Every structure is written in C-alpha cells, then in structure tokens.
Amino acid sequence: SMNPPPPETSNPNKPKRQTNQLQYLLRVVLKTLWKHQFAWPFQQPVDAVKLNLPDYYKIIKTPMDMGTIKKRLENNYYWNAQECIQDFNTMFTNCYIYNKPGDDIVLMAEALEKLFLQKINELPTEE
Ligand SMILES: CCc1cnn2c(NCc3ccc[n+](O)c3)cc(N3CCCC[C@H]3CCO)nc12
Ligand SMILES: CCc1cnn2c(NCc3ccc[n+](O)c3)cc(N3CCCC[C@H]3CCO)nc12
C-alpha cells in the first residue's frame, strides 16, 4: 500500500554514448509528447497513495512514465535506442493493462501512442 521507488534513471558505471537516434528521442519524440494536451497523467510515476488506485502496483510490476524516460535520456542511461522505445511502449501498455477498453485514460494513452508512432516513423537510422 506504498508506492515503489521510481525506476532507476542514472548509472555512472554504464558506458555512455550519444547517437542521432537517442538525440532525436529526446529533442523530438519526448519533447513533442510532453507538450501534448493528454500528456499530464504520464509525466510522472503513478502515485497510488495520492490517487486511490490501491491494486495498481499489484497489477503493474514494470511501471514507466515520461518523467523517467526524460531522465533516462538526459543521463545517457540508454545505450540502444530500442531501450527507450521499449520504455514508451511499456508506459502505453501499462495504461491498457491497468484499465479497460474505452476508459478515458486509455483513450488518452491511445492518442499519445498514435503521436509516438508518427514521430518515431522519422527516427534516424542506427550506426
Ligand atoms: C487535496 C490534496 C490531496 C490530493 N490527494 N489527496 C489524498 N489522496 C488520497 C485519497 C484519494 C481518493 C480518495 N480519497 O478519499 C483519498 C488525501 C488527502 N488528505 C487526506 C489526509 C488528510 C489531508 C488530506 C490533504 C493532504 O494533506 N489529500 C489529498
Ligand atoms: C498512467 C496513469 C494512469 C493509469 N491509470 N490511471 C487511472 N486509472 C483509473 C481510471 C478508471 C476508469 C477510467 N479512467 O479514465 C481511469 C486514472 C488516472 N488519473 C486519474 C484521473 C485523471 C487523470 C489521471 C491522473 C493520475 O495519473 N491515471 C491513470
């Protein structure tokens, strides 16, 4: 009945690299999603103590949110662009998993996911 600690966002012992892909994922993909009208419930970890969703962390064992993703990109936590893509997909599917078809929050996630898909369509190619 407590929240878990948020996902890890730093690790100064992971080797770091910059790539066109990871730069795009921050400066275009994360940025565009963050500014979307439906982004606000996805900008931080689900707070199941403030929100009254008590079974949330019984159901969602791989939490993810765009606040975390932003930190991970900023701290060069990701080596492969796909690690970041995976985290966006985990965020969307967690919303689908906890909730049910037709729920307002699921329609918000679906809209954000469609946007995600249009932006990643233009991801630069891997090195
Ligand atoms: C307005 C501030 C706020 C936002 N969430 N939240 C919650 N969340 C729990 C929750 C969620 C859904 C239904 N219910 O019934 C409770 C409790 C709570 N408070 C209870 C304890 C005494 C203080 C009082 C305000 C804080 O100091 N205040 C807040
Ligand atoms: C990724 C965030 C998330 C996942 N589930 N969920 C729920 N689920 C409950 C539920 C049930 C039936 C219909 N709907 O629409 C939702 C609500 C909720 N929030 C409260 C309502 C305003 C937005 C938003 C704020 C806090 O993240 N946020 C979330």
Side-chain angles (χ1 to χ4, degrees):
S1 301
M2 301 153 64
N3 292 309
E8 187 189 5
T9 55
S10 264
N11 184 347
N13 286 135
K14 285 194 197 191
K16 290 164 155 64
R17 64 177 181 181
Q18 194 82 48
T19 74
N20 291 328
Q21 291 186 323
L22 292 162
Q23 172 167 321
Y24 182 87
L25 278 163
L26 181 55
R27 298 185 32 102
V28 177
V29 179
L30 188 285
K31 190 177 180 175
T32 305
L33 266 69
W34 190 275
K35 299 162 61 164
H36 195 272
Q37 67 168 314
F38 294 161
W40 58 278
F42 304 87
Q43 283 172 348
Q44 60 288 304
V46 174
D47 189 327
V49 169
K50 280 182 200 296
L51 292 176
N52 204 247
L53 316 155
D55 48 350
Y56 186 85
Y57 290 112
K58 293 183 182 302
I59 287 172
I60 297 305
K61 298 303 195 184
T62 308
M64 182 59 48
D65 62 282
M66 291 201 299
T68 297
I69 294 171
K70 176 179 184 291
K71 296 179 170 148
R72 278 177 174 197
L73 288 158
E74 285 159 354
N75 300 324
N76 316 111
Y77 187 86
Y78 302 126
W79 181 266
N80 292 321
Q82 184 62 35
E83 287 174 62
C84 175
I85 288 164
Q86 182 178 129
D87 282 344
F88 272 116
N89 286 335
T90 293
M91 180 180 82
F92 297 125
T93 56
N94 285 341
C95 186
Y96 306 155
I97 292 166
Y98 183 71
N99 304 285
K100 300 297 193 296
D103 281 344
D104 280 343
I105 190 71
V106 170
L107 299 180
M108 297 172 77
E110 287 173 3
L112 285 181
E113 183 183 23
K114 289 178 179 166
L115 179 61
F116 177 67
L117 293 171
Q118 295 299 312
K119 308 310 292 173
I120 75 175
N121 187 32
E122 277 141 15
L123 191 70
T125 33
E126 182 186 0
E127 202 147 338

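Only heavy atoms go into these numbers, but all of them, side chains included; no hydrogens, no water, no symmetry mates. The first residue in the sequence is number 1, and the count goes up from there. Both counts, for ligands and for their atoms, begin at 1 and track the order of listing.
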*Greater than 12 external heavy atoms within 6.0 Å of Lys16's NZ*: yes
*Within 4.0 Å of atom 19 (N) of ligand 2 (strictly less), any protein heavy atom?*
no
*Measure the distance from atom 5 (N) of ligand 2 to every protein heavy atom, then report the residue, atom name and distance (to 0.1 Å) of the closest one.*
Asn99 ND2, 3.0 Å
*So, for atom 13 (C) of ligand 2, does the protein have a heavy atom nearer than 4.0 Å?*
yes
*Where the closest heavy atom to atom 2 (C) of ligand 2 is concerned, which of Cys95, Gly102, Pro41 has it?*
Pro41
_Would you say atom 16 (C) of ligand 2 makes contact with the protein, given that contact here means a non-hydrogen protein atom less than 4.0 Å away?_
yes
*Does the side chain of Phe42 reach to within under 4.5 Å of the side chain of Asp65, using non-hydrogen atoms?*
no
*By ring-ring contact (aromatic ring centres under 6.0 Å, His included) - contacts of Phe116 (at least two apart)*: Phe88, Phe92
*asked:* Can you name the atoms of ligand 1, numbered from 1 with element, that are less than 4.0 Å from a heavy atom of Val49?
replied: 8 (N), 9 (C)
*Please state which part of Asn94 comes within less than 4.0 Å of ligand 2, counting heavy atoms only: side chain, backbone, both or neither.*
neither
_Can you report which non-hydrogen protein atom sits closest to atom 8 (N) of ligand 1, along with the distance?_
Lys50 O, 2.8 Å
*All ring-ring contact (aromatic ring centres under 6.0 Å, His included) counterparts of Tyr96, not counting sequence neighbours*: none
*asked:* Could you tell me if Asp87 and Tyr78 have a donor-acceptor pair between their side chains, going purely by distance under 3.5 Å?
replied: yes
